[PDB]
$ cat start14.txt   # compact mmCIF, C-alpha atoms and all ligand atoms
# COMPACT_ATOMS: atom_id res chain seq x y z
CA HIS A 4 -0.38 -21.08 -1.11
CA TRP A 5 0.70 -17.89 0.68
CA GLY A 6 -1.33 -15.87 3.10
CA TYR A 7 -0.92 -14.47 6.60
CA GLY A 8 -1.73 -17.42 8.83
CA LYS A 9 0.71 -19.46 10.95
CA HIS A 10 1.13 -22.03 8.25
CA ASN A 11 1.58 -19.83 5.23
CA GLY A 12 2.51 -16.48 6.66
CA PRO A 13 5.40 -14.07 6.03
CA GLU A 14 7.95 -16.40 7.63
CA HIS A 15 7.22 -19.09 5.08
CA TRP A 16 7.29 -16.90 1.95
CA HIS A 17 10.97 -17.41 1.26
CA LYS A 18 10.39 -21.02 0.34
CA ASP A 19 8.32 -20.12 -2.71
CA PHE A 20 9.76 -16.61 -3.29
CA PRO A 21 13.50 -16.62 -2.45
CA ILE A 22 13.67 -12.85 -3.09
CA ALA A 23 12.04 -12.57 0.40
CA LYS A 24 15.59 -12.71 1.73
CA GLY A 25 16.93 -10.20 -0.83
CA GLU A 26 18.67 -6.92 -0.53
CA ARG A 27 15.92 -4.25 -0.80
CA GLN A 28 12.82 -5.83 0.73
CA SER A 29 9.96 -3.84 2.24
CA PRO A 30 8.52 -2.74 4.57
CA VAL A 31 11.31 -1.25 6.80
CA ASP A 32 11.35 0.63 10.06
CA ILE A 33 11.87 4.31 9.39
CA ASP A 34 14.34 5.66 11.98
CA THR A 35 13.80 9.35 11.94
CA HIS A 36 17.15 10.17 13.45
CA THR A 37 19.16 8.26 10.86
CA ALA A 38 17.10 9.30 7.83
CA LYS A 39 19.06 11.85 5.82
CA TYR A 40 17.41 15.16 4.97
CA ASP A 41 18.06 15.56 1.24
CA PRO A 42 17.34 19.15 0.00
CA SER A 43 17.55 18.02 -3.67
CA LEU A 44 14.34 16.06 -3.38
CA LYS A 45 11.68 18.01 -5.33
CA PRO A 46 8.11 18.29 -3.93
CA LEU A 47 5.70 15.48 -4.79
CA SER A 48 3.19 16.19 -7.57
CA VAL A 49 -0.06 14.27 -7.05
CA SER A 50 -2.41 14.92 -10.01
CA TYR A 51 -5.55 12.94 -9.02
CA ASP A 52 -8.00 15.30 -10.65
CA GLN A 53 -8.99 13.04 -13.62
CA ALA A 54 -9.00 9.78 -11.68
CA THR A 55 -11.47 7.18 -12.92
CA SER A 56 -12.20 4.36 -10.42
CA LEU A 57 -13.80 1.25 -11.85
CA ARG A 58 -14.37 -1.37 -9.15
CA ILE A 59 -13.51 -2.81 -5.78
CA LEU A 60 -12.47 -6.42 -5.39
CA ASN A 61 -11.74 -8.66 -2.43
CA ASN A 62 -8.78 -10.62 -3.76
CA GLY A 63 -8.46 -12.91 -0.70
CA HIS A 64 -5.65 -10.90 0.90
CA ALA A 65 -6.96 -7.30 0.82
CA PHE A 66 -9.60 -5.35 -1.08
CA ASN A 67 -8.37 -3.29 -4.02
CA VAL A 68 -9.98 -0.27 -5.72
CA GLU A 69 -8.96 -0.44 -9.37
CA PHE A 70 -8.57 2.61 -11.62
CA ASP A 71 -8.63 2.96 -15.31
CA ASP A 72 -4.98 3.43 -16.14
CA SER A 73 -5.25 3.51 -19.97
CA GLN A 74 -4.34 7.22 -20.17
CA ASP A 75 -2.49 9.59 -17.86
CA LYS A 76 -5.44 10.42 -15.65
CA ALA A 77 -4.25 10.17 -12.06
CA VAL A 78 -0.46 10.45 -12.05
CA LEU A 79 2.43 10.91 -9.50
CA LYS A 80 5.58 12.83 -10.43
CA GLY A 81 8.31 14.87 -8.70
CA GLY A 82 9.72 13.88 -5.33
CA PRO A 83 12.45 11.19 -5.86
CA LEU A 84 10.94 10.09 -9.17
CA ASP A 85 11.89 10.72 -12.69
CA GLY A 86 8.99 10.30 -15.04
CA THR A 87 5.30 9.85 -14.70
CA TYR A 88 3.80 7.07 -12.69
CA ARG A 89 0.12 6.16 -13.34
CA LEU A 90 -2.29 5.18 -10.52
CA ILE A 91 -3.59 1.66 -11.08
CA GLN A 92 -5.12 0.61 -7.68
CA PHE A 93 -5.05 1.28 -3.98
CA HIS A 94 -5.46 -1.08 -1.01
CA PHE A 95 -4.92 -1.18 2.74
CA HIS A 96 -3.13 -3.34 5.27
CA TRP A 97 -4.79 -3.33 8.72
CA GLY A 98 -4.62 -5.05 12.08
CA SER A 99 -6.87 -7.05 14.36
CA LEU A 100 -6.33 -4.39 17.07
CA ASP A 101 -5.69 -0.58 16.65
CA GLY A 102 -2.06 -0.84 17.68
CA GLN A 103 -0.90 -2.86 14.68
CA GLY A 104 -1.66 -2.97 10.99
CA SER A 105 0.79 -0.70 9.22
CA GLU A 106 3.62 -2.34 7.30
CA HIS A 107 6.14 0.50 7.63
CA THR A 108 6.75 1.63 11.24
CA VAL A 109 8.29 4.97 12.35
CA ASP A 110 10.85 4.67 15.20
CA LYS A 111 9.27 1.28 15.70
CA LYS A 112 5.69 2.79 16.05
CA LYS A 113 3.05 0.69 14.25
CA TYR A 114 -0.17 2.45 13.05
CA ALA A 115 -3.63 0.82 12.70
CA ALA A 116 -3.48 0.52 8.96
CA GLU A 117 -1.55 1.67 5.94
CA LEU A 118 -2.86 2.76 2.57
CA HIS A 119 -0.85 2.00 -0.52
CA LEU A 120 -1.58 3.83 -3.77
CA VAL A 121 0.26 1.82 -6.41
CA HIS A 122 1.72 3.53 -9.46
CA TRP A 123 3.75 2.12 -12.37
CA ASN A 124 6.28 3.89 -14.57
CA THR A 125 4.72 4.79 -17.94
CA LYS A 127 8.16 4.65 -19.56
CA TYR A 128 7.66 0.89 -19.57
CA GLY A 129 4.38 0.73 -21.55
CA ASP A 130 2.26 -1.51 -19.26
CA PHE A 131 2.17 -2.69 -15.65
CA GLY A 132 3.57 -6.12 -16.56
CA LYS A 133 6.63 -4.56 -18.13
CA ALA A 134 7.05 -2.13 -15.18
CA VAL A 135 7.35 -5.00 -12.67
CA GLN A 136 10.48 -6.16 -14.53
CA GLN A 137 12.33 -2.95 -13.71
CA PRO A 138 14.17 -1.59 -10.61
CA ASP A 139 12.27 1.70 -10.92
CA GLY A 140 9.11 0.15 -12.35
CA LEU A 141 6.73 1.06 -9.48
CA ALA A 142 6.18 3.85 -6.93
CA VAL A 143 3.87 3.20 -4.05
CA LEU A 144 2.68 6.10 -1.93
CA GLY A 145 2.05 4.85 1.59
CA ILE A 146 -0.08 6.68 4.14
CA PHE A 147 -0.50 5.66 7.73
CA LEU A 148 -3.98 5.55 9.30
CA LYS A 149 -4.51 6.28 12.95
CA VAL A 150 -7.79 5.97 14.85
CA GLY A 151 -9.40 9.27 15.71
CA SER A 152 -12.06 11.26 13.85
CA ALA A 153 -13.80 9.78 10.81
CA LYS A 154 -12.28 10.44 7.41
CA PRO A 155 -15.24 11.66 5.22
CA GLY A 156 -13.47 10.56 1.99
CA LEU A 157 -13.19 6.99 3.30
CA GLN A 158 -16.85 6.31 4.03
CA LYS A 159 -17.82 5.45 0.45
CA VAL A 160 -15.37 2.51 0.59
CA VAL A 161 -16.58 1.38 3.97
CA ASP A 162 -20.22 1.28 2.82
CA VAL A 163 -19.39 -1.05 -0.07
CA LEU A 164 -17.32 -3.68 1.88
CA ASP A 165 -20.49 -5.61 2.66
CA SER A 166 -21.05 -6.53 -0.99
CA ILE A 167 -17.52 -7.84 -1.36
CA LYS A 168 -17.38 -9.85 1.91
CA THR A 169 -15.58 -12.83 0.46
CA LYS A 170 -12.68 -13.76 -1.77
CA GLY A 171 -13.39 -13.11 -5.44
CA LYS A 172 -16.41 -10.78 -5.05
CA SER A 173 -16.18 -7.42 -6.82
CA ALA A 174 -18.67 -4.51 -7.04
CA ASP A 175 -18.74 -1.58 -9.51
CA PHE A 176 -17.23 1.45 -7.79
CA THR A 177 -17.08 4.37 -10.18
CA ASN A 178 -16.50 8.04 -9.44
CA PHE A 179 -14.50 7.60 -6.21
CA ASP A 180 -12.06 10.45 -5.72
CA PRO A 181 -8.74 9.35 -4.13
CA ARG A 182 -7.86 12.94 -3.13
CA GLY A 183 -10.12 12.57 -0.08
CA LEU A 184 -7.67 10.03 1.34
CA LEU A 185 -4.62 12.37 1.36
CA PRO A 186 -3.16 14.15 4.43
CA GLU A 187 -2.72 17.86 4.43
CA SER A 188 1.09 17.79 4.11
CA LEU A 189 3.00 15.98 1.46
CA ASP A 190 6.28 15.67 3.41
CA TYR A 191 7.86 12.21 2.96
CA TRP A 192 10.59 9.67 3.47
CA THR A 193 11.79 7.72 0.40
CA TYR A 194 13.92 4.59 -0.07
CA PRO A 195 14.22 1.73 -2.70
CA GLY A 196 12.23 -1.38 -1.79
CA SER A 197 9.88 -4.11 -2.95
CA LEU A 198 6.26 -5.26 -3.04
CA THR A 199 5.31 -6.32 0.45
CA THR A 200 3.29 -9.35 -0.66
CA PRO A 201 4.42 -12.24 -3.03
CA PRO A 202 6.00 -12.12 -5.56
CA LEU A 203 8.00 -9.54 -3.46
CA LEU A 204 9.73 -8.06 -6.52
CA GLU A 205 12.19 -5.25 -5.88
CA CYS A 206 10.67 -2.81 -8.33
CA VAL A 207 9.45 -0.10 -5.96
CA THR A 208 10.42 3.41 -5.00
CA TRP A 209 8.59 3.83 -1.73
CA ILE A 210 7.26 7.31 -0.79
CA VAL A 211 5.90 7.21 2.74
CA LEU A 212 4.19 10.33 3.98
CA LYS A 213 5.09 11.81 7.25
CA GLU A 214 1.56 12.87 8.16
CA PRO A 215 -1.04 10.13 8.90
CA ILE A 216 -4.77 10.51 8.17
CA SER A 217 -7.09 9.49 11.02
CA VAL A 218 -10.15 7.33 10.50
CA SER A 219 -12.74 6.42 13.19
CA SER A 220 -12.80 3.10 15.00
CA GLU A 221 -16.14 2.19 13.32
CA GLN A 222 -14.55 2.81 9.92
CA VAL A 223 -11.51 0.48 10.52
CA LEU A 224 -13.91 -1.94 12.26
CA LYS A 225 -15.61 -2.41 8.93
CA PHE A 226 -12.30 -3.55 7.33
CA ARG A 227 -12.00 -6.29 9.91
CA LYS A 228 -15.30 -7.89 8.85
CA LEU A 229 -13.99 -8.95 5.46
CA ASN A 230 -13.21 -12.61 4.82
CA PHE A 231 -10.03 -14.22 3.46
CA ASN A 232 -11.99 -17.30 2.41
CA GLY A 233 -14.44 -17.64 -0.47
CA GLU A 234 -18.22 -18.09 -0.03
CA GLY A 235 -19.07 -21.50 1.48
CA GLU A 236 -15.50 -21.99 2.87
CA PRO A 237 -14.95 -21.68 6.71
CA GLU A 238 -14.84 -18.12 7.77
CA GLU A 239 -11.40 -16.59 8.36
CA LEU A 240 -11.59 -12.88 9.13
CA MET A 241 -9.37 -10.70 7.04
CA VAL A 242 -7.21 -9.08 9.73
CA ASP A 243 -3.46 -8.65 10.12
CA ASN A 244 -2.69 -8.83 6.46
CA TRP A 245 0.69 -7.05 6.97
CA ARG A 246 4.37 -8.08 6.66
CA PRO A 247 6.89 -7.27 9.46
CA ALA A 248 9.71 -4.83 8.80
CA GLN A 249 12.63 -6.21 6.81
CA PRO A 250 16.34 -5.29 7.44
CA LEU A 251 17.38 -2.06 5.82
CA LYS A 252 20.82 -3.54 4.96
CA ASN A 253 22.76 -0.61 3.54
CA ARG A 254 20.06 1.55 2.07
CA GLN A 255 19.57 5.08 3.36
CA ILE A 256 16.12 6.56 3.92
CA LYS A 257 16.22 10.13 2.61
CA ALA A 258 13.71 12.67 4.13
CA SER A 259 12.25 15.65 2.23
CA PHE A 260 12.09 17.59 5.49
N1 LIG B 301 1.64 -4.17 -0.79
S1 LIG B 301 2.25 -3.54 -1.97
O1 LIG B 301 1.88 -2.17 -2.10
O2 LIG B 301 3.66 -3.55 -1.92
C1 LIG B 301 1.65 -4.36 -3.34
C2 LIG B 301 1.27 -5.67 -3.41
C3 LIG B 301 0.80 -6.05 -4.63
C4 LIG B 301 0.84 -5.00 -5.51
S2 LIG B 301 1.44 -3.56 -4.83
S3 LIG B 301 0.50 -5.14 -7.20
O3 LIG B 301 -0.74 -4.51 -7.42
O4 LIG B 301 1.45 -4.36 -7.92
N2 LIG B 301 0.45 -6.58 -7.57
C5 LIG B 301 1.77 -7.21 -7.73
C6 LIG B 301 1.81 -7.93 -8.97
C7 LIG B 301 0.73 -8.33 -9.75
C8 LIG B 301 1.15 -8.97 -10.88
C9 LIG B 301 2.53 -9.08 -10.99
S4 LIG B 301 3.33 -8.36 -9.63
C10 LIG B 301 -0.29 -7.34 -6.56
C11 LIG B 301 0.55 -7.43 -5.25
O5 LIG B 301 -0.16 -8.23 -4.33
HG HG B 302 11.77 -5.27 -10.60
ZN ZN B 303 0.28 -2.90 0.14
$ encode --input "start14.txt" --output "structure tokens" --more "lines below"
Ligand SMILES: NS(=O)(=O)c1cc2c(s1)S(=O)(=O)N(Cc1cccs1)C[C@@H]2O
Ligand SMILES: [Hg+2]
Ligand SMILES: [Zn+2]
Amino acid sequence: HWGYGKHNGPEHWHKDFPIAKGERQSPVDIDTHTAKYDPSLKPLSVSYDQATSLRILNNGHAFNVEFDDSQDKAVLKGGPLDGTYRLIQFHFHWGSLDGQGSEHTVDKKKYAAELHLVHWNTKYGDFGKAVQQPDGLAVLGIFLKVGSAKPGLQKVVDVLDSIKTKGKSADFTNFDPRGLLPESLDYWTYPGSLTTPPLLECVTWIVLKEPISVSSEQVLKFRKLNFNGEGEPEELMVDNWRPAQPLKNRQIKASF
């Protein structure tokens, strides 16, 4: 079924998920000159102090770190949002080379990877109900550039070896997501969708201005993952990103 290869890649998704051609699809190019500064946007409130991570899983398209979302432990509020959004998982999209891998681009600049911390609106009771709503999810996206190593990232990198293939998971408790944030919380925001099937248009996207840098040996580890399951032919998990979709009459507001 879907994936990122020539035969089942982004350009084929519309056949099974017609919403791929919809009106608020993601990712988009952020054009910094056309984004409107909106001084009514409140500051973001990232409360990741009580975060409880549980495990890391290679799901065949990325690896996800799942968090216990049964109580308001790690939440996002403020910014463009109304209400409390709970952290449920985070994952990355990366490239086969350092010049590609982000999903969102800024003035057409692609970064080496992009981190998505996925939150759902607690108003709706569970994640499944939240993906039925136009303001059901908020994903915080952070660009990664290659430079110095990110200390907070290394714990994830050291575990990727035990989850090499599709369907492996490993326990991964006590990871603190705060070590993945940039210094500044300045952002662009716009209404959008999930960037992988089922491509539902449930998401308020918050994309931070400031990228974090990771080393080349750290992103190199990402690239060793496999799309396939154990015993299947090896396909390296690289380039698991969707190209920018048309903005078609949405405006990207900026908090700065
Ligand atoms: N790339 S991205 O940030 O826009 C996201 C992709 C996926 C996300 S967020 S999800 O965890 O919410 N989930 C979506 C759903 C699961 C069940 C019903 S819909 C898995 C998706 O692959
Ligand atoms: Hg929706
Ligand atoms: Zn994503």
$ axis_aligned_box --input "start14.txt" --around "stretch 163-182 of chain A" --padding-each-side "8 Å" --output "JSON"
{"center_x": -14.5, "center_y": -0.4, "center_z": -3.8, "size_x": 29.2, "size_y": 42.7, "size_z": 28.8}
$ closest_residue --input "start14.txt" --among "A:5, A:147, A:128, A:231" --to "ligand HG 302 (chain B)" --atoms "all atoms listed in the file"
A:128
$ residues_around --input "start14.txt" --residues "stretch 191-201 of chain A" --least-positions-apart "2" --cutoff "9 Å" --atoms "all atoms listed in the file" --output "short mmCIF file (atom, residue, chain, number, x, y, z; two decimals) with C-alpha atoms, keeping the file's coordinate frame"
data_model
loop_
_atom_site.label_atom_id
_atom_site.label_comp_id
_atom_site.auth_asym_id
_atom_site.auth_seq_id
_atom_site.Cartn_x
_atom_site.Cartn_y
_atom_site.Cartn_z
CA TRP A 5 0.70 -17.89 0.68
CA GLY A 6 -1.33 -15.87 3.10
CA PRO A 13 5.40 -14.07 6.03
CA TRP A 16 7.29 -16.90 1.95
CA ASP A 19 8.32 -20.12 -2.71
CA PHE A 20 9.76 -16.61 -3.29
CA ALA A 23 12.04 -12.57 0.40
CA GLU A 26 18.67 -6.92 -0.53
CA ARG A 27 15.92 -4.25 -0.80
CA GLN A 28 12.82 -5.83 0.73
CA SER A 29 9.96 -3.84 2.24
CA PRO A 30 8.52 -2.74 4.57
CA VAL A 31 11.31 -1.25 6.80
CA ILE A 33 11.87 4.31 9.39
CA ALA A 38 17.10 9.30 7.83
CA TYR A 40 17.41 15.16 4.97
CA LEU A 47 5.70 15.48 -4.79
CA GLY A 82 9.72 13.88 -5.33
CA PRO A 83 12.45 11.19 -5.86
CA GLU A 106 3.62 -2.34 7.30
CA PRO A 138 14.17 -1.59 -10.61
CA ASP A 139 12.27 1.70 -10.92
CA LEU A 141 6.73 1.06 -9.48
CA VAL A 143 3.87 3.20 -4.05
CA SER A 188 1.09 17.79 4.11
CA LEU A 189 3.00 15.98 1.46
CA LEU A 203 8.00 -9.54 -3.46
CA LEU A 204 9.73 -8.06 -6.52
CA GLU A 205 12.19 -5.25 -5.88
CA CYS A 206 10.67 -2.81 -8.33
CA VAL A 207 9.45 -0.10 -5.96
CA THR A 208 10.42 3.41 -5.00
CA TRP A 209 8.59 3.83 -1.73
CA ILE A 210 7.26 7.31 -0.79
CA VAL A 211 5.90 7.21 2.74
CA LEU A 212 4.19 10.33 3.98
CA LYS A 213 5.09 11.81 7.25
CA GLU A 214 1.56 12.87 8.16
CA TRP A 245 0.69 -7.05 6.97
CA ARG A 246 4.37 -8.08 6.66
CA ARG A 254 20.06 1.55 2.07
CA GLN A 255 19.57 5.08 3.36
CA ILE A 256 16.12 6.56 3.92
CA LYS A 257 16.22 10.13 2.61
CA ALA A 258 13.71 12.67 4.13
CA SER A 259 12.25 15.65 2.23
CA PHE A 260 12.09 17.59 5.49
#
$ closest_residue --input "start14.txt" --among "A:98, A:81, A:145, A:155" --to "residue A:50" --atoms "all atoms listed in the file"
A:81
$ residues_near_ligand --input "start14.txt" --ligand "ligand ZN 303 (chain B)" --cutoff "7 Å" --atoms "all atoms listed in the file" --output "ChimeraX atom specification"
/A:94-96,118-119,199
$ write_last_selection --input "start14.txt" --atoms "C-alpha atoms" --output "CSV table (one decimal), in the frame of the given file"
chain,number,residue,atom,x,y,z
A,94,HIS,CA,-5.5,-1.1,-1.0
A,95,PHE,CA,-4.9,-1.2,2.7
A,96,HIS,CA,-3.1,-3.3,5.3
A,118,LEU,CA,-2.9,2.8,2.6
A,119,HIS,CA,-0.8,2.0,-0.5
A,199,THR,CA,5.3,-6.3,0.4
$ atom_distance --input "start14.txt" --atom1 "atom CA of residue A:24" --atom2 "atom CA of residue A:202"
12.1 Å
$ atom_distance --input "start14.txt" --atom1 "atom CA of residue A:107" --atom2 "atom CA of residue A:248"
6.5 Å
$ closest_residue --input "start14.txt" --among "A:133, A:228, A:18, A:172" --to "ligand HG 302 (chain B)" --atoms "all atoms listed in the file"
A:133
$ atom_distance --input "start14.txt" --atom1 "atom CA of residue A:127" --atom2 "atom CA of residue A:80"
12.5 Å
$ closest_residue --input "start14.txt" --among "A:53, A:108, A:244, A:37" --to "ligand LIG 301 (chain B)" --atoms "only C-alpha atoms and all ligand atoms"
A:244
$ closest_residue --input "start14.txt" --among "A:100, A:120, A:109, A:49" --to "ligand LIG 301 (chain B)" --atoms "all atoms listed in the file"
A:120
